[PDB]
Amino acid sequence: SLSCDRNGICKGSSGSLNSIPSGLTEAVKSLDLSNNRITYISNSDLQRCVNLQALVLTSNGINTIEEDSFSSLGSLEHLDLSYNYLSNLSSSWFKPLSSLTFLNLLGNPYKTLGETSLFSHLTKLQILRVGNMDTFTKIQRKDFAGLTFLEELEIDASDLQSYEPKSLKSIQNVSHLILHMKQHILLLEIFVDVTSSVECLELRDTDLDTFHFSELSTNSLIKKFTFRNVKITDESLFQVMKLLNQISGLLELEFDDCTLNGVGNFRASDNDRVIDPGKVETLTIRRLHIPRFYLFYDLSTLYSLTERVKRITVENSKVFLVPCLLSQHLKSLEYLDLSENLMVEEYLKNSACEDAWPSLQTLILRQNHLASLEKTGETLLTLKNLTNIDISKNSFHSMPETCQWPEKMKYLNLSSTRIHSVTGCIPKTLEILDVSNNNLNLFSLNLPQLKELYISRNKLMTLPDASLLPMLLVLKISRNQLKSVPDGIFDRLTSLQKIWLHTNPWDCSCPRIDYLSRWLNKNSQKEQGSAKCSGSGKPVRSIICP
């Protein structure tokens, strides 16, 4: 019915509640009545919850809340009324909430935030979420009256129809503004009011296929502009970039789950010259969709705009070519993440043409279609500054006796590559090596500089030799088939700080487990997790021998 813990954290999980339970007291610290059938909130339901710090009523279907229902909740810090049936909000609900830090009103069918300012008394408010998908159609200038500083403001303006000018300009500082909006009609009229107050701007759900930029009635404080679930065409992209051109200090541009398509027979004619890269140094593209029946587009002229970009992530976005032309324009690129794409070694060699990627130090090709460890090593050889190489989750299966790798390489990730053994293919220059989640039985490579070895989720029968890994700081060797370890082994690793030994079938026979059980107790702070004995589920740490 209503289950609490020893410290007043209460939750109503049954879902068969028709009203707020009776007999709530000053000992209730948190009240989670999510996903119940509560319909009414009277002035007496919560009068004795003077110590209530969090009140969650998500997805209940609350019709009405009496004016003074929250009169006693002066210590409430977290109020979630999202997804109920409140079509009319009263400023008297929030007047007593002097300690309120989080307020969520999303998903309630109000057309307006009322004719009286709701948040004038929330002097401590930090996170405000407001709006809905269907009926929220007006933003008024009074709506955000007494709010000067907010950490996060989320406005679901999905079907907003009108925006009263300067409604949002009253908020001086907003670290993160999230704006849902299916159409772009109101986009530029909201932008002028928040461009000077927002640090991280996020636009969600908007259809920008036919977006056109027009000069603004206006410097900007936005450092990051995120587009999520947004639709863009090759034509409207140049308009979007003109909007980004108004943000002189923009550092980071991010497209998550967006859609890119052609308008049909569009060409780059005069937009090419009038585009300034600005100070954008990080580009992040995730899960870019291209319509199933797409119209072809050619945005190769945009390759030349990347000369100053330092950090690029293009994840899970159907990349099977990175042309040499593009890679040669990427003169400042230090970090490239191409995870979850369709790159094959053959075309990766074109990407590494002469004078390609001079500054690149980190290359991530996790979960592409890479097949040969050798060809990959030779492909990356001409990238002289490459130090971090992640080629995990590629079905390599095996490695030859000897390989070529970039000379400065110090981090190599061979996780989830389906290998059954390791060879000298792995260079001695490595400081960090990950060979987790494979099918290794042995690891006996001489890596005199290796600081960190990750080798969990294998079939290791014996610990690697400590003489071969002198400088080891970290050894993650959990989830193997280790039964014992040579006595005195860990004193050999003078620099050892963290070690994972759990999920191994440790033999806890006293004439053998003595050293390990003792070492664990003296070094409990080094062990991550706790090694258990095979038969009994008792920690090896708490095993003493005569």
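One rule holds for the numbers: they count along the sequence shown, beginning at 1.
Going by the PDB record, how many residues of the deposited sequence fall between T218 and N219 without any coordinates: none, 1 to 3, 4 to 9, or 10 or more? Gap between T218 and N219: 1 to 3 unmodelled residues.
Mean Cα B factor from the PDB record: higher for 485-493, or higher for 47-55? Result: 485-493.
When the Cα temperature factors in the entry are averaged, is it 142-150 or 121-129 that ends up higher? Here the higher of the two C-alpha B-factor means belongs to 142-150.
Go through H289, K242, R204, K166 one by one and give the residue whose Cα B-factor in the PDB entry is largest. In this record, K166 carries the highest C-alpha B-factor of the candidates.
For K310, the third of its chain into which the C-alpha B factor falls: It belongs to the lowest third of the chain when residues are ordered by C-alpha B-factor.
Chain thirds of CA B-factor: placement of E374: Its C-alpha B-factor, which the entry lists for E374, ranks in the middle third among residues of this chain.
C-alpha B factor of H502, ranked within the chain: lowest, middle or highest third? As the PDB entry reports it, the C-alpha B-factor of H502 lands in the middle third of its chain.
What third of its chain, lowest, middle or highest, does the C-alpha temperature factor of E401 fall into? Ranked within chain, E401 CA B lands in the middle tercile.
Can you work out whether the C-alpha temperature factor of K476 puts it in the lowest, middle or highest third of the chain? It falls in the bottom third of the chain.
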